[PDB]
Amino acid sequence: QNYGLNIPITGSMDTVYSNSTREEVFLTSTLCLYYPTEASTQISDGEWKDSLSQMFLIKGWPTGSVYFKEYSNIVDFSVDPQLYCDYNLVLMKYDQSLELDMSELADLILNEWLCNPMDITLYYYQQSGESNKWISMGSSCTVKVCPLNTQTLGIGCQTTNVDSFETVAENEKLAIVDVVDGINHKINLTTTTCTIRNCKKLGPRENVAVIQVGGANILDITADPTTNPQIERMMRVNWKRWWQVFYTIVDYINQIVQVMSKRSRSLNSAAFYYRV
Amino acid sequence: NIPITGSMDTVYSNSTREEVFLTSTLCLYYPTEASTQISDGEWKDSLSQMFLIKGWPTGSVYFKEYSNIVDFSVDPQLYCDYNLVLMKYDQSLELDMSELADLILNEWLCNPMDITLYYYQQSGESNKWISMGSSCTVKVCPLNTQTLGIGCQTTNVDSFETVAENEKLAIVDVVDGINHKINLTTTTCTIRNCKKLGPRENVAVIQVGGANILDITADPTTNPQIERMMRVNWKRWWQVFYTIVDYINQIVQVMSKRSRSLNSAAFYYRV
Amino acid sequence: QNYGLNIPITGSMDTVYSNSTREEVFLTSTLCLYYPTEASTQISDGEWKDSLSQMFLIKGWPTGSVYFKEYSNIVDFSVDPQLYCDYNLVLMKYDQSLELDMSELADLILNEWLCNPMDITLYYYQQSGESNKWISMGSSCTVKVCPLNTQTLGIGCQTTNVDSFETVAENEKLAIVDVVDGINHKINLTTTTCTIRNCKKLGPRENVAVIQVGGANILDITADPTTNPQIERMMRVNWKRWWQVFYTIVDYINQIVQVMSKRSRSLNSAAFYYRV
Amino acid sequence: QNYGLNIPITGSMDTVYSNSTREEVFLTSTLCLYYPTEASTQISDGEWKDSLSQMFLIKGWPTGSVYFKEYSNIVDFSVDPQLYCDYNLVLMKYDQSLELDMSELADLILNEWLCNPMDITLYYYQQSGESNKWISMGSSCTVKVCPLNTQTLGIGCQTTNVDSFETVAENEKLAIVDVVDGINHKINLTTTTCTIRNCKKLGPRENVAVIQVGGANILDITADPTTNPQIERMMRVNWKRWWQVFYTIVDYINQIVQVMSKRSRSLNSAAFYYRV
Amino acid sequence: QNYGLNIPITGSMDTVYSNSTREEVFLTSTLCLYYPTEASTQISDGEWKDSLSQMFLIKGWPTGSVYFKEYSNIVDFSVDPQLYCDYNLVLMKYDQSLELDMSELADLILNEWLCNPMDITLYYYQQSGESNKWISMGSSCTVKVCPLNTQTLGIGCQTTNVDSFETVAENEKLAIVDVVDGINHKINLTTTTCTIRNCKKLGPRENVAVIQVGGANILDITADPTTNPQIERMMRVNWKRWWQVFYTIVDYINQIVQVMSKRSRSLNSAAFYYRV
Amino acid sequence: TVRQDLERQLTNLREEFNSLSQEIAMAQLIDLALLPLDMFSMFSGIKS
Ligand SMILES: *[C@@H]1O[C@H](CO)[C@@H](O)[C@H](O)[C@H]1NC(C)=O
Ligand SMILES: *[C@@H]1O[C@H](CO)[C@@H](O)[C@H](O)[C@H]1NC(C)=O
Ligand SMILES: *[C@@H]1O[C@H](CO)[C@@H](O)[C@H](O)[C@H]1NC(C)=O
Ligand SMILES: *[C@@H]1O[C@H](CO)[C@@H](O)[C@H](O)[C@H]1NC(C)=O
Ligand SMILES: *[C@@H]1O[C@H](CO)[C@@H](O)[C@H](O)[C@H]1NC(C)=O
Ligand SMILES: *[C@@H]1O[C@H](CO)[C@@H](O)[C@H](O)[C@H]1NC(C)=O
Ligand SMILES: *[C@@H]1O[C@H](CO)[C@@H](O)[C@H](O)[C@H]1NC(C)=O
Ligand SMILES: *[C@@H]1O[C@H](CO)[C@@H](O)[C@H](O)[C@H]1NC(C)=O
Ligand SMILES: *[C@@H]1O[C@H](CO)[C@@H](O)[C@H](O)[C@H]1NC(C)=O
Ligand SMILES: *[C@@H]1O[C@H](CO)[C@@H](O)[C@H](O)[C@H]1NC(C)=O
Ligand SMILES: [Ca+2]
Ligand SMILES: [Ca+2]
Ligand SMILES: [Ca+2]
Ligand SMILES: [Ca+2]
Ligand SMILES: [Ca+2]
Ligand SMILES: [Ca+2]
Ligand SMILES: [Ca+2]
Ligand SMILES: [Ca+2]
Ligand SMILES: [Ca+2]
Ligand SMILES: [Ca+2]
Ligand SMILES: [Ca+2]
Ligand SMILES: [Ca+2]
Ligand SMILES: [Ca+2]
Ligand SMILES: [Ca+2]
Ligand SMILES: [Ca+2]
Ligand SMILES: [Ca+2]
Ligand SMILES: [Ca+2]
Ligand SMILES: [Ca+2]
Ligand SMILES: [Ca+2]
Ligand SMILES: [Ca+2]
């Protein structure tokens, strides 16, 4: 049996609101932070995890519910970001020249992706439509594509001479690459380090929220240029002191989780649905 | 303070722009960089004569130089009836500019704090602590219910956790409902327990440089863009001032008169 | 060629009509991409225009429809910009301190301007209303303005001592200068090199869509401080490879063109209507 | 005002019609003479500009309304003839061997042209039909076209061998080339000096009027060899002294503007078609 | 498609069946086989992948739809076994003293586990009920649990002495440890080389079936001592030759897939519950 | 490659056909339906 997917739910416009649920969502869910190593370095502590946990307890979350996680930086977190955890808040420090990789990480974790494998050395690969991308993750993802015409001969590049291949993203830990949809391609991607998946983009992973810490709003989650929507799960707070940032988070946690949702969680901590 | 009632079939009154121009005062705050680039000193008078054709009487436009953002943050007075504040944008000044904007655009009602004696909570969302002085260093130790520090010893000061250092202005929010012991530089820096009332309509902030960075709301979820936070693209301060004078009608018409019955006498430039 | 200018149209709401105009003084719609020369330098190619033409053919645009008009950089493109086409795209690589130049160029091309000559030597000049600006164009412009009075005595400046003047812009290829509307101004501007035009702002131009490539939303085309509205033609995209940028534009060209509009085109490729 | 939409105009047949508009055109428009350098040299003067302006004002043009412009000669003026003005007169001295140059200059200016751009080294080009030409302008245009059969193989030429190409205009400053319509072509022309544009002829340009000064009727502007109309805007004079030429023009300036009319495209009524 | 809600379906007990779906499950899914390296060692061949694939095709499975995945052995495969695939079969050569390890692996893979992190260093943990366990995975897991009083004092152990702590699992790759429910515990587990997760037992994972190639029925997936059931997906077979084992698999693959079924959590039906 | 690669061209044909279905007349389409099209007649209407 389905859960009732194709059955309508007749409601009403006079039923009275059921009462609050903040208490129950606190007592069930688990809040969870992803912060850079710079945060701990500037805090210069090591009971700060305990202090923040007790602050969250006073705010109304039971003890074993707030889990802190540490990543070296944005680009290195981008390599297979496994959100091992229920309500995800990714604190993310802005610095120049990280605009694109920061945006790519935000896209990857905010949206749900259905990823299939790709065998680069053997087959050519297209992109079906607007919602499909190629996501390449690893230690050194240099991607060089050669598009083929109707005659299986490359255009602007010969399939034999890899130098003529058009490089589309060099030396990123994560690269979400789009190419014109409907052309076969030959990819030269460094198979020892980097792995590349053909990923469709389903709806939004409406569980993880991204808190930018530095500059102006720049996260273009939608790769299409005509639209730059602003999701309520993309927050932006100025800063000088990481302690002030964490106190702001702890003080306003209720609003943040009210913005986020719990139902959109997956059994796997992976940030995509691998469908072989 | 009373129910005011009025029909919808009332006809419009004549435009009140003339009366507000002939009764109220506009007052600009600009950084000393502006004067330095201008390299003049009859420019104040020339700009006043230039405002006159726009409508303001001879004396109703008042210019008040300030050195820079960090120095203007300390206890900013607003001696006027329509205040414009020009804020140059530059890197690393984002939060200080946002803090100054949060201080002036919003209207705070607030009381003093005796840091050496008591422990101070934060009642709710509105209540912040405003630290102002030559150089503030707000160290805070949060206490458990047993009046013992968590992640800090109430006696030792090193274990305390800095939330703002070497700041001429610091608007700090701590976790609500937790007692706090502050160590704060009693000589240079005073600190005030301040609640956020409605908006201050008397003022308006022209950012002079970059992108949307002002965040008047300390909350992360909401980053609203109110009408009084303008931004203009600058390359010459003369061009900036010409723009402001030419479009003064819209700026003043986006501002509004202050509505808060204060009880603390202060100097105002009313004519 | 409308000349039933005044009399009104009538059109029903509940009916989709199968009758419609079939107007054609064309062969087909034509697209034209302006890009900085550094794009070519990074690409390090020279059949890449042909490859992009082939990929546009894949996306549906006929072969002779897409053109590429290289420009050296934003400031040098600002001097008498030309719209040689029907659907214009302009790629603009953002950099620090180029913000006002970039915004002024975007304002110039995006809006529609009605310009008149300005003989600085003989006459004083004025700005009648808010819609009127002065545009200085040339290889080297240095605008100095001395406002006058009713008595025609300079204020903050002597009418003859040019050094007493006030400089609103210097050493810019393009300068869209607004002065206070109502006061005569005596101008001093380097007549041998830079020209000045007294231009009113008509409605918006639609052939041009501006694809910013770098930083956050900073283009304030509207000289009014209060209003900073992000219209649908000021698109933005993050980047690290010009191949990625161009593939993005090719993939989403249909959305871009259906955001733009062919109708508001002009015979001459000048960015303004010069009425002598 | 319902721009960009053809709307029928219902006109009566017995409404008494308005009074004259000559006062309006004199007190509003701007007359705009173009004369060759030889005229000034023979006149041997240079207050003659002021003298003619006074003699114009006698007949009732405001002082700034008359606007004199000086061009070196026919062939060098024809390159990019930019008639940005309100009521243009163009004096063309006839001499032998300049028949086609004068004819193509008149063809270029008397009619409004919509010019799409061309990229010679990348595409092949066609002519839609009767009204589509290719207009080439520059310091030295030497356009060598050669046609292609349906198999993309040249006829009368080898595509790779430029020596086999069939030159159709050499070393002309302006060349309005018409080739056989419906045949793809490959072009070569000296891209550094001479530019070329695929130009379609719209209706006539009422703004301009060509006074041929010298010999008999030679201006066959219509590229069709059969029709050879003598449009009202192509006037002729017999001359010995440029003073006599200018005196005739000033004395009969009213009739000239009666022949001419305001540029239709420049009107507000043509806002959203090809306004110029 | 009305995801998330639990709507009550309704069906009639007199409707008729539908056509068999055997064709679809062969022609769309992907079969997936895990075997120990000793299999290939005894096979001593190496187009046997192709041979098995062609036999599967004869049974009805397209060529590219059957995957083989050699694993070293049970203990080293149990460390985070990721079955990113569509119809999973896991062969396991039973051996003495690996009874618990094999049963732990079977319990881990044959049921859907919802796992949250566990910060050993900071919190004290608990077990909500019989459906909760702690799975530890790594190169060498040595879990030492110290239960606590109601006043956070250990019983049978001191909270400061890992020597006094009681060892529950020692130096195994996979350890699904259960403890008393309702008693807080303090853990020490070698955090640099063995992660631990607090996991909850959802319904069964039909996607995967286990085949014990060796001895007698021992797999007790249910950690409860009382119930030691025999699930349909826990198959057993005797053996002397790996070729014979694989031929049996291929011959009866339709029956094995009938025993299994598509993962309940891989479908859009389970979208907003715990989809993965 | 992973399959044949004219499905893109078929998709373009579909996109144009769907909009092209509106410009069809009716009264003298029914007579075309009445007429027997055969192998000889069907494909003779190609463009060139
Ligand atoms: C739900 O909340 C309302 C809030 O007033 C309260 O009255 C009610 O008792 C609550 N429901 C239950 C079952 O207690
Ligand atoms: C990519 O090209 C390099 C060039 O040396 C080659 O070594 C490598 O094997 C290629 N990789 C793929 C996946 O084609
Ligand atoms: C207000 O406007 C009306 C018409 O708009 C005018 O008749 C009236 O005189 C105006 N009021 C005053 C005080 O002049
Ligand atoms: C802050 O700490 C210093 C030393 O840690 C101390 O001398 C000073 O009195 C403290 N501030 C206050 C207000 O007590
Ligand atoms: C469309 O216009 C034609 C005449 O132009 C008219 O006969 C017809 O009724 C109109 N309405 C339609 C086609 O729905
Ligand atoms: C601008 O000022 C200079 C003085 O340095 C003067 O020589 C020049 O003539 C002025 N320009 C014009 C157009 O008068
Ligand atoms: C036309 O003539 C009448 C009578 O002489 C006069 O009143 C009217 O103003 C004239 N029209 C114009 C446009 O001068
Ligand atoms: C035209 O032909 C000459 C050889 O006669 C060649 O050098 C030149 O590059 C050609 N021009 C173009 C634009 O290809
Ligand atoms: C079901 O299968 C039978 C033969 O196995 C076939 O004849 C029938 O058409 C199938 N049902 C449908 C709906 O095609
Ligand atoms: C576990 O005990 C060892 C000593 O045997 C100790 O070094 C280690 O820190 C303990 N682990 C944790 C997580 O405290
Ligand atoms: Ca290449
Ligand atoms: Ca990336
Ligand atoms: Ca794509
Ligand atoms: Ca976008
Ligand atoms: Ca500050
Ligand atoms: Ca501390
Ligand atoms: Ca607070
Ligand atoms: Ca905010
Ligand atoms: Ca500029
Ligand atoms: Ca001066
Ligand atoms: Ca102005
Ligand atoms: Ca603006
Ligand atoms: Ca030849
Ligand atoms: Ca010529
Ligand atoms: Ca022709
Ligand atoms: Ca002719
Ligand atoms: Ca013990
Ligand atoms: Ca084990
Ligand atoms: Ca248990
Ligand atoms: Ca059991």
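Residues numbered from 1 in each chain as written, not as in the entry; some residues may be left out. Chains lettered and ligands numbered in written order. Part of a larger assembly, values for the part shown. Heavy atoms only, no water.

### Looking at the overall build of chain B
- Within chain B one finds 7 helices and 10 strands.
- By its C-alpha atoms, chain B is 65 × 55 × 35 Å across when sized along the principal axes.
- Buried positions account for 51% of the 271 residues belonging to chain B.
- For chain B, contacts bridging at least 24 residues in sequence account for 81% of all contacts bridging at least 6.
- When the accessible surface of chain B is summed, it comes to about 12,600 Å², and 50% of that surface belongs to carbon and sulfur atoms. (Helix = DSSP H or I, 4+ residues; strand = E, 2+ residues; numbered from the N terminus. Buried < 20%, exposed > 50% of the residue type's maximum accessible area, 1.4 Å probe, protein only. Contact = heavy atoms within 4.5 Å. Areas by Shrake-Rupley, 256 points an atom, 1.4 Å probe, with all protein chains shown as cover.)

### Considerations on the coordination of the calcium ion (ligand 23)
Residues and elements named next belong to chain D.
- Within the protein, the atoms that donate to the calcium ion (ligand 23) are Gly156 (O), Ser164 (O), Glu166 (OE) and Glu166 (OE), at distances of 2.2 to 2.5 Å.
- When the donor residues of the calcium ion (ligand 23) are listed from N- to C-terminus, their spacing reads G-x7-S-x1-E.
- When its relative accessible area of 33% is taken as the criterion, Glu166 is described as partly exposed. (Donors = N, O, S within 2.8 Å, 3.2 Å for Na, K, Ca; no water.)

### Observations regarding the UniProt feature "binding site: Ca(2+) 4" (unreviewed entry) in chain B
Residue and element names in this part refer to chain B.
- Here, the residues flagged by UniProt with the feature "binding site: Ca(2+) 4" (unreviewed entry) are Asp215, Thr217, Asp219 and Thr222.
- Relative to the assigned elements, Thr217 resides in the loop between β9 (203-207) and β10 (229-231).
- With relative accessibility at 12%, the residue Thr217 sits in the buried group.
- Along the chain, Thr222 falls in the loop between β9 and β10. (UniProt positions renumbered as here; feature names shortened; annotations may be inferred.)

### Quick look at the interface of chain D and chain C
- With 38 residues of chain D in contact, the opposing surface of chain C contributes 35 residues.
- Buried surface at the junction of chain D and chain C, both sides included, amounts to about 3,600 Å², of which 57% is carbon and sulfur.
- Interface area lost by chain D to chain C is led by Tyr84, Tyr123 and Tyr274 of chain D, which between them contribute 19%.
- Linking chain D to chain C there are 0 salt bridges.
- If you look at where chain D meets chain C, you find 19 residue pairs in polar contact.
- When residues of the side of chain D that touches chain C are traced back to their parent elements, those giving at least two are β4 (111-117), β8 (194-204) and α8 (271-274) of chain D.
- The element contributing the most residues to the side of chain D that touches chain C is β4 of chain D, with 6 residues. (Buried area = accessible area lost by both parts, 1.4 Å probe. Salt bridge = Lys/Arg side-chain N within 4 Å of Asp/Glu carboxyl O. Polar contact = N/O pair within 3.5 Å; in protein donor to acceptor, adjacent residues only side chain to side chain.)

### Remarks on the UniProt feature "binding site: Ca(2+) 1" (unreviewed entry) in chain A
- The feature "binding site: Ca(2+) 1" (unreviewed entry), as given by UniProt, occupies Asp45, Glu47, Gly156, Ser164 and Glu166 of chain A in the numbering adopted here. Across 122 residues, the annotated set is spatially dispersed, with a maximum C-alpha separation of 58.5 Å.
- Of the residues examined, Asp45 of chain A reaches a relative accessible area of 34% and is grouped as partly exposed.
- Those residues within four positions of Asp45 of chain A in sequence are excluded, and the remaining contacts are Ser40 of chain A together with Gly151 and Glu161 of chain B.

### Focus: the state of the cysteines
All names here are of chain B.
- Enumeration over the complete set of coordinates arrives at 20 disulfides over all chains.
- Residue pairing for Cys136: its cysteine sulfur links by disulfide to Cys189, the two sulfurs lying 2.0 Å apart. Between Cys136 and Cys189 the disulfide shows an S-S torsion of about 85 degrees. By sign, it is right-handed. Highlighted residues: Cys136 in strand β5 (residues 128-142) and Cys189 in strand β8 (residues 189-199), separated in sequence by 53 residues. The exposure classification of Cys136 matches that of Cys189, with both residues buried.
- Between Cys141 and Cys152 runs a disulfide, and the two sulfur atoms are separated by 2.0 Å. (Disulfide = S-S within 2.5 Å.)

### Quick word on the UniProt feature "binding site: Ca(2+) 2" (unreviewed entry) in chain B
- Under the present numbering, the feature "binding site: Ca(2+) 2" (unreviewed entry) in UniProt falls on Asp96, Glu99, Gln122, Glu167, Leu169, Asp173, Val174, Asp176 and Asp246 of chain B. In three dimensions, the annotated residues from a span of 151 residues occupy distinct locations, with a maximal C-alpha spread of 46.3 Å.
- Residue position: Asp176 of chain B is located in the loop between β6 (161-172) and β7 (180-183).
- Apart from the residues lying within four places of it in its own chain, the contact partners of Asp176 of chain B are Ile58 and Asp251 of chain A together with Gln122, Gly124 and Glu125 of chain B.
- With respect to the element layout, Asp246 of chain B can be found in helix α6 (residues 237-246).
- The contacts of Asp246 of chain B, once residues within four sequence positions are left out, are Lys54 of chain B together with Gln127, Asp178, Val179, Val180 and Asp181 of chain C.

### Points about the sheet that holds strand β1 (residues 31-36) of chain E
Residue and element names in this part refer to chain E.
- Ordered in space as β2-β1-β3-β11-β12, the 5 strands form an open sheet in which the pairing is parallel. Looking at which strands have only one partner, the edges of the open sheet turn out to be β2 (66-71) and β12 (234-236). The sheet shows a mean angle of 20 degrees between the axes of neighbouring strands, direction not considered.
- Here strand β11 (residues 208-212) runs beside β12; their pairing, made up of 3 bridges, is parallel. Across the sheet, the residue bridging to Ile211 is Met235, located in β12.
- Of the strands in this sheet, β1 and β2 are in contact with helix α3 (residues 48-59), which crosses β2 at around 140 degrees. (Pairing = 2+ DSSP bridges. Axes fitted to C-alpha atoms, helices over the stretch in contact; angles between N-to-C directions.)

### Description of the UniProt feature "binding site: Ca(2+) 4" (unreviewed entry) in chain A
All names here are of chain A.
- Listed under "binding site: Ca(2+) 4" (unreviewed entry) in the UniProt record, and renumbered for this structure, are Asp220, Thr222, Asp224 and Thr227.
- Locating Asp220 in the fold gives a position in the loop between β9 (209-212) and β10 (234-236).
- For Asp220, a relative accessible area of 6% corresponds to the buried category.
- Position of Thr222 among the secondary structure elements: in the loop between β9 and β10.
- Ignoring sequence-local partners within four residues, the contact set of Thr222 consists of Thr227 and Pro229.

### What to know about the packing of helix α3 (residues 48-59) of chain A against helix α6 (residues 242-251) of chain A
Residue and element names in this part refer to chain A.
- Orientation of α3 relative to α6, taken along the N-to-C sense of each, is 25 degrees, at an axis distance of 10 Å. Looking at the two axes, α3 sits roughly parallel to α6. The handedness of the crossing between α3 and α6 comes out as right-handed. Taken together, the residues of α6 that come into contact with α3 (itself represented by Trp48, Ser51, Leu52, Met55, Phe56 and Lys59) are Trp243, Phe246, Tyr247, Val250 and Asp251.
- Within the contact of α3 with α6, the residues separate by chemical class into 8 nonpolar, 1 polar and 2 charged. (Parallel < 35°, antiparallel > 145°, perpendicular 65-115°, else oblique. Left-handed = near helix turned anticlockwise from the far one by under 90°. Nonpolar A, V, L, I, M, F, W, Y, C, P; charged D, E, K, R; others polar.)

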